[PDB]
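Asker: Show me the folded form of this:
(one chain, ligands or ions: 1)
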Amino acid sequence: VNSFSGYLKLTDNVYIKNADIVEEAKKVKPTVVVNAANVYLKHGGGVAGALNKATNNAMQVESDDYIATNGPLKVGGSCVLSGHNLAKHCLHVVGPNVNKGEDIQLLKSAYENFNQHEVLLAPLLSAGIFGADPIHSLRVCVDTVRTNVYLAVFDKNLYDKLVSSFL
Ligand SMILES: COC(=O)Nc1ccc(C(=O)N[C@@H]2c3ccccc3C[C@@H]2C(=O)O)cc1
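Answerer: Numbers count the residues shown, from 1 in each chain. Please see the structure below:
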């Protein structure tokens with residue numbers, strides 16, 4: 001049993017809710033919140049910008065030190081950093097950004113990072129300002145992630161479309 005509430009069950013291991021991931025993280029304090037990161041960990045907008053704003057820019061400060069030491073992530077890759085006031089840990093995962101021309105096949109590699117964590121609160125990778133089709137992202141999630149994932153979808157209209165079209 002865990003503290004996630006109000007989710008619709010899509011599969012054995014994938015759950016979905018119309019929710020602001022910032023507000024959900026603040027209430028649940030999950031072990032892992034996933035950030036929709038880019039390779040530079042520049043958290044300017046979308047989910048990343050919202051998560052970073054909620055940390056009062058501490059996420060960005062930590063991320064800048066990470067990049068200065070380690071260099072950029074790979075598209076499809078991830079790193080574990082602090083969850084600050086939102087979670088124990090933040091798993092920064094880089095899905096391909098279609099608005100930069102990155103290969104959508106890398107979306108499966110991106111979701112594979114979730115399998116290193118037993119339970120996660122996450123957005124749909126490569127959705128929103130990353131330009132992929134969220135219905136496709138949900139399909140890849142369900143077909144790739146085997147650990148327990150709680151998906152937060154900010155837009156109610158999109159949430160309803162994701163549920164109604166789910167196979
Ligand atoms: C004040 O609080 C906040 O700013 N919160 C906040 C701000 C932005 C986003 C976001 O860009 N989300 C992504 C988004 C947007 C449109 C379509 C698909 C998706 C996938 C992501 C999701 O559905 O979560 C999420 C939360």
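Asker: Return the set of buried residues in the helix or strand harbouring residue 142.
Answerer: With elements delineated by DSSP states H and E, residue 142 resides in helix 134-144, which encompasses its position. With burial defined by 16 or more other CB atoms under 10 Å, the residues of helix 134-144 counted as buried are 134, 137, 138, 139, 140, 141, 142, 144. For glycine as for every other residue, the C-beta is placed from the backbone atoms N, C-alpha and C.
Asker: How many residues are close by the nearest residue to the fourth one once chain neighbours are set aside?
Answerer: Take residue 139 and drop its neighbours on the chain: the residue closest to it by CB to CB, 6 or more residues apart in numbering is residue 167, 7.8 Å away. Applying the criterion other CB atoms under 10 Å, we find 7 residues in the vicinity of residue 167.
Asker: Ok, residue 100 next?
Answerer: Using other CB under 10 Å, residue 100 is surrounded by 11 other residues.
Asker: and it, what does it touch?
Answerer: By CB atoms under 8 Å, 6 or more residues apart in numbering, no residues touch residue 100.
Asker: just residue 35 next, same as before
Answerer: 43, 47, 48, 51, 59, 90, 91, 92, 93.
Asker: what's residue 92 sitting at in phi/psi?
Answerer: Taking degrees, to the nearest 10, you get phi -80, psi 110 for the backbone angles of residue 92.
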